[PDB]
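Below: the structure, in structure tokens.
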Amino acid sequence: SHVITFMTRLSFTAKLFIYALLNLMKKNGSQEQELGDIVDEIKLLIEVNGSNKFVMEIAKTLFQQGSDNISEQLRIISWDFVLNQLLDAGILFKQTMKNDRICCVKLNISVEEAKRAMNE
Amino acid sequence: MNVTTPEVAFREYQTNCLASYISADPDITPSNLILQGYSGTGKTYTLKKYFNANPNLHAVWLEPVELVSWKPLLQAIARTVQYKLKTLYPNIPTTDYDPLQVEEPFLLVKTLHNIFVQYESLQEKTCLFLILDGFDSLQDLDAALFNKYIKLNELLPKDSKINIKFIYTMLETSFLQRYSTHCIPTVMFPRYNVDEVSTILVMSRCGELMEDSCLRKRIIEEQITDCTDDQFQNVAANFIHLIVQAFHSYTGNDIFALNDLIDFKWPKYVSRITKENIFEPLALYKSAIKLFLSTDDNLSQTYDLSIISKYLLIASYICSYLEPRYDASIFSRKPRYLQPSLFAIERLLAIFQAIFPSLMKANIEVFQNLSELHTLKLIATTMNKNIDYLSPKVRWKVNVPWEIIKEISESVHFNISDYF
Amino acid sequence: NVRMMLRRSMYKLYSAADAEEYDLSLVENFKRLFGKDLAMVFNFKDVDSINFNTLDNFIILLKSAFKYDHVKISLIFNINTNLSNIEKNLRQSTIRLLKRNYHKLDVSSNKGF
Amino acid sequence: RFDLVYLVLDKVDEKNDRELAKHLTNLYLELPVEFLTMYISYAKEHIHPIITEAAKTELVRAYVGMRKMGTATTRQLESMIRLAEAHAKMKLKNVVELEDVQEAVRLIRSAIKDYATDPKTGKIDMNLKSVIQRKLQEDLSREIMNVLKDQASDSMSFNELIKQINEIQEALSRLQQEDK
Amino acid sequence: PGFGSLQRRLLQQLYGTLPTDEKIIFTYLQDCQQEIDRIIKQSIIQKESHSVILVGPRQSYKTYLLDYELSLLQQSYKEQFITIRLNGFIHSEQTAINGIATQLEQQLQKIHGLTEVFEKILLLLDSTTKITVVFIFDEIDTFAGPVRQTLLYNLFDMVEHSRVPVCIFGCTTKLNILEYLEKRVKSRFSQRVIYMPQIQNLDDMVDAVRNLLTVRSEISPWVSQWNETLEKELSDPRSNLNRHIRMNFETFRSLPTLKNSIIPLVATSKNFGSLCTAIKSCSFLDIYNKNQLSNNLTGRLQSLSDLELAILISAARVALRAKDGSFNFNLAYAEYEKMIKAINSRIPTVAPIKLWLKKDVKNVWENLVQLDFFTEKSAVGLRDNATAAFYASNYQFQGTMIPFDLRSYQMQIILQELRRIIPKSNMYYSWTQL
Ligand SMILES: Nc1ncnc2c1ncn2[C@@H]1O[C@H](COP(=O)(O)OP(=O)(O)OP(=O)(O)O)[C@@H](O)[C@H]1O
Ligand SMILES: Nc1ncnc2c1ncn2[C@@H]1O[C@H](COP(=O)(O)OP(=O)(O)OP(=O)(O)O)[C@@H](O)[C@H]1O
């Protein structure tokens, strides 16, 4: 499908978000996942790797932007921008609550094609 | 023309950032702009201060706080711009369109296009900024409303001389994040630090109380010949530093909250000033010790109730916090932090009869006192519209906290504390 | 709600002003419309039953009137039990507005025999 | 208080079944124990290794790393020396080496399967190509293309290159396939 | 001082407001731009009815291309095209009909110096010609209201029967556009969906940056010095200024969002002499970067007072112990009371720290709800539409009536994040855990 051609060109943030969401789906045995659980599993998967300098640089760029001194964000940079981008493209369906960490994130696309795009 | 930047302190990034999106060239400035910061962060003060330093600009000030819903907001834009163009360009012969005819956002575009055509003969394109202070502070607000203002400029004829360069300010963060993908040029205000709050009120409120009526009466009464206005400022300044250190953990890092305690306690602080308090604030603090030990933000035998009234309330709290399971176990001769549960009226009367000091029975006075408590709002019901007490589906609950009832039982000599 | 409060208050204000000889713009336009200063006294006839969330917002709404120089406002509170009920439900930011200029009065029939 | 806990799991894999099956099926057709006992008795008799200064300090970081991931009581710190001595005794080295220390720590990690265990709820991964593998390979390849040419030579030994960046073969092989 | 003229040129170029003779199209966009250019000219010059949708994310230079081609056609074909603009947000289905008619009348008047309403567009043209109508739309999917899509269903029908050629374009970010365009409208639409190209290499981004930052007009002699210094910071992949872009590239690949930070750097620039010192190291995007993050959860947490933090920590402790994660004022104070007792108890006594009163904590409690650390048990939050918000403004929930000390809240920050952020110099750090 032509959707995969757009999936394969997403930024690294989108790919990591989708992969973490799929892994949480396979762990939970359910499709929708709590939004806080997703950002917790992102940290889990980032830090499960070794303390190699490449991993350290990637993590610093992702979570605290890799800035000079100003740091300590609770969630990764552009975590809202890419969430909306997936949401506004119709791929990602989310319900509306002003409480961040109790809303459920749900997928519209088929279960298989997301992995297929990620496997490419 | 280039724009001169003001000297506002503790905001020396935003006062420089607005030099980007606000300029005399309408071909550069963006069509949407957002200033985001919480209450007491100075967004209204900073924006107004910048504009008053560049008189060559043209802008319209509106407040959604007064403009309760979106319909007034649209109408005010149409009405004020119509007046503002006349004020700027009185020489141009122009006609009028009724600003009360605005019913939908399309009509605004219709009216604005009609107005802007009348100014087609202008020498140059005119950059105009529309300012709304506290956009998200609108009383009746929805997500789709803000998108209606973002894409408004491109529906105008792009060759029009008049360009509407909207300006908005937002308080919250869960509201702005829904529009992150639009990448609207945004300039940010964070909360003020403790040090800045102390300095802000020193610079702002010093001159206010140096010239109040209360002190200059007392100074003559105390016959302070050596007093000087330089001393007058520091005398008032010491009050701000002390009250901040006393109540920073109480009020927070807030300017609005502190600006009122500096008012209430001030006359009382003035009274304790004597001939011996001119030079040593430590002694003055000692005299006024009791002022700081209490917030005095409180508005001020707390509830005058009859004997029948007192037992009525005591019985109800048992109903609202004791399980129906325990009614027979405790009273028949055969959770402090939770919200109270509901109960039936028959449960109240039975317990009231059970603990009243042979039977008390239920005369008119007992029900007369019970209804008054509902009128006095010490007991709540399960309804909000067309209150009908005798409707069987309505239930009752206690609206009185534990601490008040504690003192009620003391005057009654009823030992409630042993029932839990 | 706050929307109802602003409209009804202005509706009564205009009706009284109509006998001289619906929003805050009427307050601004009052001196130009009728050539006289306006002094408004609000009578909260029964404070206890009033939704404090609505009332708290409305009081702040009226606070914008201080920009005008020809308008003066007074508030009367019918309190049944004590000041303690007000001090709980109202937001503590709002209470600091009332305390700046207030007078405390008792009107109960029973007073020291 | 147990020093080592081993989680031996059997998975239904056709490939691994043949590996085990053909081992046993041909064994019942048709070092000796004497040497093995002679070795063990010799090792217990002579070697009494002493932990060196270098081996000591690494234990602190090894234990703290498990400590911050918490059930890492001080009982498991006994295993961090008891196993260290037993490894040197097998080595017959009369002191405990840092290599013994790290291998024993790995053995504890492998016995308990920490890498395959959820740090949140303690569950175990069934499986134990990923995007994180991609980026690490991409970032590694990007730096190799610089270091290989940043030095004042057109190329260098891969052994020195690995120690220069690890402080890899697949990444450079792909570059060779692309003739870089 | 005079450099501002070149700075104005840079600022104007960054904003895309250059004249059509100077408008720049990126290489990764040129492929779709030529397809768009072909269809428009074929529909105008060859008088053929056609219909196409442009598809891509927001801030993707999508409607920008439609402006570019029309801005070029105006330079040589003033008499050939008629443009109609509609938008799904501002122009509701009630006001959509008059939107076309008013705009159509404006174009018709300046050229010369209710099914029949759709036909009257051709009737007005045919009566005055004895000019292809270029429909352009934003948010195509949004017109899927309960009212029939005759607003669009008739326009695609006109493709079959237009005596004066009718061409239709539109913008939409959904990848599921055909779900919104129902079967009855589908039968008339040519279905030439054009998904916009994506930025997929750093070479694409840097060249696009080169496209924006190049100055190809000899306005001032320092133009060469600009291009010299510009390519200095893009020739080395490890450049200080390029360092931000690669990090920008890997995080998010929408180009205009990157422009949002560069323009302040260009705008904050004061003079060419000082400009050289700043543009190379580029330390002013870091300050901007934290500015974007100043009012997040971490930013709000850092500005609280000790008492506000202490109650917050105790509030979190109740939430962690509670299975539902909820808490109230009474439980928050009780843990605050107990933790003060514990701290006081661990102190030598006297040989012959204040617990704040329950009243004074109320202001402290109000601050935490304003700053979004707490939230109500079932806080729906902002509604999507005014009609939905109308019900919310009228309905009175339970929380608006229950006492101030018993309104159930929940937490946005977990104690683990507290321990990750709270300075260890804080006295209540030891109470961050259970
Ligand atoms: N840099 C500063 N220097 C001096 N005073 C300042 C500064 N910043 C803010 N203030 C003061 O703080 C006050 C904060 O009120 P402000 O006008 O900002 O309200 P607001 O945040 O727009 O209002 P609302 O919360 O009702 O939407 C200002 O009125 C001003 O007196
Ligand atoms: N007439 C114009 N002149 C200059 N720049 C423009 C013009 N119109 C749009 N832009 C540029 O477009 C960018 C904003 O995104 P854009 O307008 O391309 O999105 P869009 O096509 O409206 O998006 P959506 O898919 O949400 O409808 C900005 O960087 C702005 O400079």
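In the order they appear, the protein sequences are chains A, E, C, 4 and D.
The opening residue of the first sequence carries number 788 in the authors' numbering; numbering runs sequentially from there.
Under the authors' numbering, the letters of the second sequence match residues 1 to 300, 320 to 353, 373 to 395, 412 to 474, in that order.
Under the authors' numbering, the letters of the third sequence match residues 138 to 158, 183 to 274, in that order.
Under the authors' numbering, the letters of the fourth sequence match residues 701 to 730, 742 to 781, 792 to 849, 854 to 892, 903 to 915, in that order.
Under the authors' numbering, the letters of the fifth sequence match residues 47 to 159, 177 to 193, 210 to 431, 448 to 529, in that order.
We put the beta carbon where it would ideally sit given N, CA and C, even for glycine.
Starting from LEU244 (chain C), find everything on chain E with Cβ-Cβ shorter than 9 Å and list it in chain order. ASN298, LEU299 and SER300
Should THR44 (chain E) be listed as close to ligand 1, given that the test is whether its C-beta is under 7 Å from any heavy atom? yes
Cβ-Cβ distance between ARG218 (chain E) and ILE273 (chain E) below 8 Å: yes
For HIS248 (chain E), I'd like the list of residues in its chain whose CB is within less than 7 Å of its CB, leaving aside the five on either flank, ordered along the chain. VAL194
In whole angstroms, what is the alpha-carbon distance linking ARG325 (chain D) and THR251 (chain D)? 29 Å
Relative to chain A, which residues along the stretch 354 to 382 of chain D have a C-beta separation below 7 Å, given in chain order? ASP365, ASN368, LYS369, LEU372, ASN375, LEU376 and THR377
What number of angstroms, rounded off, separates the C-alpha of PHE72 (chain D) from the C-alpha of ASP286 (chain D)? 8 Å
Give me the subset of the stretch 75 to 98 of chain D whose CB atoms are less than 7 Å from a CB atom of chain E, sorted by chain position. none
Rounded separation between residue 665 (chain 4) and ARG830 (chain 4) - CA only: Residue 665 (chain 4) cannot be examined here, being either before or after the span of chain 4 that is shown, 701 to 915.
My understanding is that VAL816 (chain 4) touches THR763 (chain 4), with C-beta atoms under 8 Å, so please give their C-beta distance in whole angstroms. 5 Å
Taking CB distances under 8 Å as the criterion, tell me whether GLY404 (chain D) reaches chain E. no
Against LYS814 (chain A), what residues of chain D qualify as contacts under a CB-to-CB distance less than 9 Å, listed in chain order? Those do not exist, as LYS814 (chain A) stays about 19 Å from chain D at its closest Cβ, beyond 9 Å.
Using the beta-carbon of each residue, which ones in chain C are nearer than 8 Å to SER488 (chain D)? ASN138 and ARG140
Can you say whether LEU108 (chain E) is buried or exposed, counting buried as having 16 or more other CB atoms within 10 angstroms of its CB? buried
Starting from the Cα of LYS125 (chain E), find the closest Cα among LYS110 (chain E), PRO157 (chain E) and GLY134 (chain E) and give me that residue. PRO157 (chain E)
Would you please verify whether the beta carbon of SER146 (chain C) is less than 8 Å from any beta carbon of chain E? no
Check the Cβ of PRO103 (chain D) against every Cβ in chain A and list those closer than 8 Å, keeping chain order. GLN872, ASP875 and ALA876
Among the candidates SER752 (chain 4), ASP875 (chain 4), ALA766 (chain 4) and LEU727 (chain 4), whose CA atom is the shortest distance from the CA of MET811 (chain 4)? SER752 (chain 4)
Does the Cβ of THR41 (chain E) lie closer than 7 Å to at least one heavy atom of ligand 1? yes
Compare the beta carbon distance of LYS814 (chain 4) and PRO743 (chain 4) with 8 Å and say whether it is the shorter of the two. no
Compute every distance between the C-beta of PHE421 (chain E) and the non-hydrogen atoms of ligand 1, then say whether any falls below 7 Å. no
Assuming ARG859 (chain 4) is part of the beta strand (DSSP E), what are its boundary residues? Note, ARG859 (chain 4): premise wrong, no beta strand (DSSP E); alpha helix (DSSP H) at 856 to 875.
Going by beta-carbon coordinates alone, are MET284 (chain D) and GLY102 (chain D) separated by less than 8 Å? no
Taking Cβ-Cβ distances below 9 Å as the criterion, which residues of the stretch 792 to 808 of chain A are in contact with chain D? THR792, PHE793, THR795, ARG796, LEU797, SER798, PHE799, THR800 and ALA801
Report yes if the CB atom of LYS451 (chain E) is closer than 8 Å to the CB atom of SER379 (chain E), and no otherwise. yes
Check whether chain E comes within 8 Å of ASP855 (chain A), counting only Cβ atoms and requiring the distance to be less than that. no
Mind checking whether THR80 (chain E) and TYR97 (chain E) have CB atoms under 8 Å apart? no
Measure the beta-carbon distance from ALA832 (chain 4) to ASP821 (chain 4) and round it to whole angstroms, keeping in mind my assumption that it falls under 8 Å. The pair is not a contact, with the Cβ atoms about 16 Å apart (cut-off 8 Å).
Can you give me the start and stop residues for the alpha helix (DSSP H) that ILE358 (chain D) sits inside? 351 to 360
Excluding five sequence neighbours on each side, which residues of the same chain lie with their C-beta closer than 8 Å to the C-beta of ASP184 (chain C)? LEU143, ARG144 and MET147
Neighbour list for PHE841 (chain A) in chain 4, Cβ cutoff strictly below 7 Å: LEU861, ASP864 and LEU865
Are the C-beta atoms of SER249 (chain E) and some chain D residue less than 8 Å apart? yes
The beta strand (DSSP E) enclosing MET188 (chain E), as first and last residue numbers: 186 to 188
Assumed close pair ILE389 (chain E), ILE458 (chain E) - CB separation to whole angstroms, cut-off 8 Å: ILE389 (chain E) to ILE458 (chain E), Cβ: 19 Å. No contact.
Measure the alpha-carbon distance for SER160 (chain E) versus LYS860 (chain 4) and round it to whole angstroms. 50 Å
Bounding residues of the alpha helix (DSSP H) (the contiguous stretch that carries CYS214 (chain E)): 213 to 222
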